[PDB]
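Please read the structure below before turning to the comments.
Chain naming follows the written order as A, B, C, D, E, F, G, H, I, J and K, and within any one chain the residues start at number 1.
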Amino acid sequence: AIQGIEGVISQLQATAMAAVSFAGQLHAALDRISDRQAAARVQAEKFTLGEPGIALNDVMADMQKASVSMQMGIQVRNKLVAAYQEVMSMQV
Amino acid sequence: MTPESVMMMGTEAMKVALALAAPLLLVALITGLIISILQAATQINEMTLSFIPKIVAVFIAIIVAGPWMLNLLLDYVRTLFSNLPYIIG
Amino acid sequence: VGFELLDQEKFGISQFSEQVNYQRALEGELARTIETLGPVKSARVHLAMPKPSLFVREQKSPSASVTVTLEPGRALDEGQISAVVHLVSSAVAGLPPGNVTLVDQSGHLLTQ
Amino acid sequence: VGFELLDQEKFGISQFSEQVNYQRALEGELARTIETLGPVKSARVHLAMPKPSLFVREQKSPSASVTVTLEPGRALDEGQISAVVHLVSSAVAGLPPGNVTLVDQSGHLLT
Amino acid sequence: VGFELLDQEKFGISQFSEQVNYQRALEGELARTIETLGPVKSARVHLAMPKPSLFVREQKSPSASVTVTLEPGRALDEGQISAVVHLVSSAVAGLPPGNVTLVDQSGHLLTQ
Amino acid sequence: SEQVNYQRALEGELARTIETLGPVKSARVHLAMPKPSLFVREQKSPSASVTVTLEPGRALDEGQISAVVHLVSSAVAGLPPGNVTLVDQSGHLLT
Amino acid sequence: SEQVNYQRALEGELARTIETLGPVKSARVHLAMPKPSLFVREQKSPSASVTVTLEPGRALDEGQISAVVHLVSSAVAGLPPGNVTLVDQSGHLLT
Amino acid sequence: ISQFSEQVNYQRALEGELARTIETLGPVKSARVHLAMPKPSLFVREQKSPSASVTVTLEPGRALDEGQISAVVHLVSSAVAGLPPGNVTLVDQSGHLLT
Amino acid sequence: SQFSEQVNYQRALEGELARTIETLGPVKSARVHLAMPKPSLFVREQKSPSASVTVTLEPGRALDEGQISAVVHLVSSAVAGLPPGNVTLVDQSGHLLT
Amino acid sequence: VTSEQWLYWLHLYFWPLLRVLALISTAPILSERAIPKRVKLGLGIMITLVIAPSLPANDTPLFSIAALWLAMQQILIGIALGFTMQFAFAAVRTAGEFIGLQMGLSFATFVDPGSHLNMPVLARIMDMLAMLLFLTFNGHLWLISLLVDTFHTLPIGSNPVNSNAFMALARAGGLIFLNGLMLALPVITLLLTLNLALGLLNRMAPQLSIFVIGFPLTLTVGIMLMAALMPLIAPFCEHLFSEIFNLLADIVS
Amino acid sequence: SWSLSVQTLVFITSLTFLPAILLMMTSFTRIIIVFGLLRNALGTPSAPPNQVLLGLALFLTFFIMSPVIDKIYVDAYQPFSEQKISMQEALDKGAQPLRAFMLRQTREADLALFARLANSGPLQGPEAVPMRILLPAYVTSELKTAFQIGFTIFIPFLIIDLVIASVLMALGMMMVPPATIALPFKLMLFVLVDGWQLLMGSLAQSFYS
């Protein structure tokens, strides 16, 4: 927006005068896990396609790693949900 | 929202309470005073005969002015509940 | 009657009474003005102001019946009949003209 | 027929009464000003202010009927009919001009 | 009377009574200033303060009707009409000028 | 009532000072102060109408109109000058 | 009421001291003390209007204009001088 | 005496005594002190500094020394909890700013 | 009220201090003004109290450097937590003695 | 990679949560049972989410007596703040109950003290009026701000503590009475005169007075008197809130 | 975009926080507090078996939040379901109408306080306020509004008890409990003045105003 760019220049002036989070970390972890899974899937599809240079060893190992990463994400989600349920049971 | 509005609504509320309670209290007071002066004139003194006509008078007071009180209080509550969403802050 | 009727009000007045009295007063003033129109010697207005509800299947709009007595031979003009209709309809919140009946002293329907 | 006219009625007045009295007072003052207009000898204003209903998808609007008695032969100008309309409409919260009827002493609709 | 009516030291039956008194006083003072002006012999101001809906965030605005009686032949200037408009609009919280009607003693609309 | 009374007192004193100004014989001030809101959006700016009666032929100077504007605007919390209308006894907008 | 009265008393004392200034015959001070708004971009601030009547020909010095400004600004909690308007009996803006 | 009344009265008394001492100063014939004590609010960080305006009437021709202006500044600033000298204005009977 | 009590206490201390300062040879009259710090509805912060002392001297009775010192000491001690450096001493002509 | 050190986040988010929730459970209006528990817990959680990252994180383990000392410290601070705030409403309730008792509204307490028959309806009226005024003056926001601010004065980390300071809060128990009389001094006084007047009537012909004429008259007089006295509480309300707030600021440090 | 397994995991996890959304981001909170206060007022701490009040509050919230839900569905859920907007952008698109409702009702003072507590820079317009500031400001504003509504609700039910006690005391019946007499009269009042229609309409207007 024009007013949005005004706000950007205002924050730049703020930085001049002066002279990431848990949700961000969870989003980063989800993005990393999804990117790994998509990379393994894309390599598997490329191997199934018949394109040269892609070895079955690498495909199978990358699928293994993607499965392990998915399981790690599932466990983290399970605990996190359990901790949230525990906190919401706290008496106030 | 302003404290003037808060104190105005409180004052109007308690004046409504005063209007609701004034007929009954005044009737009871008048009956008690009349019975007391009659006792003084007749030189009769028992603390229980002043309690008898007071109940009858106050109960008649609801017969005569009861509908007026019931209509006043309902109107007050209706107006208060209708003006509730305009004195929000 | 009418506005004067609502003067000596005893404290004991049920909302029902309040309303009925308002209806009477409106009827009176309307009849009064209708007499003011030249050709009219006396007027009588009856209002039927009822409950509203919501079911569109059964809605009964307000209704009015107006009886006029004319001066000897003073027939009312079509425009006159129209003006009586307008006045009565306006004086009653949500009165659809088509629910105003105007009748003369002989029982002729002047409206429709 | 007077703002102060109903400005008494002792007390014990159910608000219904307070409203009806306002309506009467507004009617009176409007008729008064209308009479002031030169050609007008006497005016009579009737207001129908609907009491709000939560039955219709939207709120309905009020209506007015104005009867004028003119001075012998003092016919009202079109612009005059227009000014009467404006005044009456403005004096009533949310009065759509088109709901103001103006009539003469002979029953001719001027609106 | 205007503020004088408020200074009669009379019990305000209720907030509604207080509001009616305030509306009347404002009307009185406005008419007063309008008369004070040279060409104006007497003024009459009627204010309509509006009312809110029930569940409709859609809003409206107040309206005013001003009747002036002029001195024999003292026609009001266009600028005059403009100044009357400004004064009345300003005196009423949120009064959109376009909702001020100015009329003369003959029924001529001096505004739009 | 307390508010309305405050408004009428402010109007009175302002008219008073305005009449003090040499060329001014009498002043009339009308204030329109709107409903306040403590939310995060609802807000409206107040308005003033000032009628002056001048001494026979005592025309107000431009600077004079400016000073009247300043005084009235300052006397009303958050009154934007541009919402002050000044008019003479003949209906001329000095604004 | 307690606040409004505080305002009236202050206005009075300020006018008093201003008159007690050699060239000043009478003073009139109007204060607009309101409530501010945060994160409303450009809000506003308390404001003052000062009308002075001078002794026949007693023009106020630029320093005199400055000292009046200082006094009025200081007497009002958080009054930014730039929101003090000083005007003479003829409607000339001195500030 | 309301809590507000109690404060306003305290302010008036402080003003009076300060003017008194200022007058006792040789060159000063009469003094007038106005204090503006500010308000804490749940929408600001550093509360605004109090301010003072001092008007002095001098004896015929008794001009105040630079040090006289300074000492007046010091006294008024000290008498007001957290009064930053720079917020003390000193003016004469002719409208000359001495500070 | 407590506030009234506090104001009275402040006034009495001022009076006695001025009294002792006058009793001193060169001093004809003294005036003491105390500014006790204040509390806030939020935020911690001490405001070391402050004092202003105006003395009127006897014709030509200039105060010694030691005298300024002793006045400083007395006023500082009489006020709980008064840092000497916050005591201002001034004469009848407006000369800062401190 | 994929560290997500959990102990650091837990120690950063725990102790501020403990202090905020301790204030929440005791602070007036924020501690009223009408609020669902989950709403209070969520408000504390969100306030801690906003505040904690700026504070220096503590490293004391949750499995140590130092953690117990920290938790006790946070609970003490929160309950002290909330209770010192509650003292003002206690004073208003006292004044209202005394006006009502001089009304003769509950005469059964003079004959049967604490006999399950008491209705301080005036006390409730002025208590809820005081709550409305406190809501209007945004006292709760201030409370939250001061809860945040007490960190700079008193950090999460275990710090040594003082003594007479506790007395101060306990000595604040005097204010409830003192200021209470300051709210009841006018009206009760006139009521006293009224009772004195009734005494003059009883000095005439014996009996035939009091319990038959005194009660309705004094009830109506108290009603209209304190109905007229209602506009007076608001300046006293602000005075009470200012007293509690600056006492808290002075003594918490 | 995320893998389908990650999308399913995120959807299932986000389904957990529905009570939190209902309590801290919705009208439900100030649609309940009023009900609890009114129940405290009439002297019947059980009367409408809770569950009844909870169901009424749920239906009221569903009727009140209808335009916000409609805007979310038309702007976020519809493009997401038609594979036009990714899963990580539907959330951001749909969080904006809820944020705007959360503003239309959140007072200022709270916004200023929570803008100061976060040590954030100046917020010249409402478009610079993040969710971390609006959430607790909205919560506090809703709590204060609910308590104001309930405390003006409480007044007539205490007025009736006051007048009942005074009338009982006029006649010397000092040992009659006033609450037992006042409860039927409070029920009669709440029956007469459309106790629930007026309260329902007042709450609904209180949201749309």
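Just so we're on the same page, a residue touches a chain if its C-beta (ideal position, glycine included) is under 8 Å from a C-beta of that chain, and two chains touch if they have at least 3 such contacts.
Q: Starting from the defined contact criterion, work out which chains touch subunit B and subunit K both, please.
A: Chains that touch both subunit B and subunit K, as defined above, are E, F, J.
Q: Chain by chain, through touching neighbours only, how many steps does the shortest route from subunit B to subunit H take?
A: Minimum step count, subunit B to subunit H: 2.
Q: Pick out whichever of the two, F-K or A-K, is joined by more C-beta pairs in contact.
A: Of A-K and F-K, more C-beta pairs in contact link A-K.
Q: How big is the gap, in whole Å, between where the Cα atoms of subunit A centre and where those of subunit B centre?
A: Roughly 71 Å, centre to centre.
Q: What whole-Å value do you get for the distance between subunit H and subunit J if each is reduced to the mean of its CA atoms?
A: Chain centres of subunit H and subunit J, defined by C-alpha means, are spaced 39 Å apart.
Q: Provide the C-alpha centroid distance between subunit E and subunit J, rounded to the nearest whole angstrom.
A: Comparing mean C-alpha positions, subunit J is 50 Å from subunit E.
Q: Between subunit D and subunit J, tell me the centre distance in angstrom, where each centre is the average of that chain's C-alpha atoms.
A: Each chain's C-alpha centroid was found; their separation is 56 Å.
Q: Which positions in subunit G are in touch with at least two other chains?
A: Subunit G, residues with two or more chain partners: 2, 37-38, 40.
Q: What are the residue numbers in subunit J that touch two or more other chains?
A: Residues 38, 125, 132, 135, 138, 141-142, 145, 211-212, 216, 219-220, 223, 235, 242.
Q: For subunit K, jot down the residues that touch at least 2 other chains.
A: Subunit K, residues with two or more chain partners: 20, 107-109, 111-113, 116, 122, 124-126, 144, 148, 152, 155, 162, 166, 170, 172, 201, 205, 209.
Q: Mind giving me all the chain pairs that touch?
A: A-J, A-K, B-C, B-D, B-E, B-F, B-J, B-K, C-D, D-E, E-F, E-K, F-G, F-K, G-H, G-K, H-I, H-J, H-K, I-J, J-K
Q: For a test of understanding, state which residues of subunit K touch subunit J in their complex under the given definition.
A: 19-20, 23-24, 29, 32-33, 36-37, 40, 109-110, 113-114, 116-119, 132-133, 135-136, 139-140, 143-144, 147-148, 150-152, 154-155, 158, 161-162, 165-166, 169-170, 172, 174-175, 177-179
Q: Applying the document's contact rule, which stretches of subunit K touch subunit G when the two form their complex?
A: Touching subunit G from subunit K are residues 108, 111-112, 115, 122-126, 129.
Q: Which bits of subunit F are touching subunit G when the two form their complex?
A: For subunit F paired with subunit G, touching residues are 2, 6, 9, 13-14, 16-17, 20-23, 36, 43, 60-61, 63-68, 70-79.
Q: Note which residues of subunit K are touching subunit E in the complex, please.
A: Residues of subunit K touching subunit E: 201, 204-205, 208-209.
Q: Name, in rising order, each residue of subunit D that touches subunit B in their complex.
A: Within the complex, subunit D touches subunit B at residues 12, 14-15.
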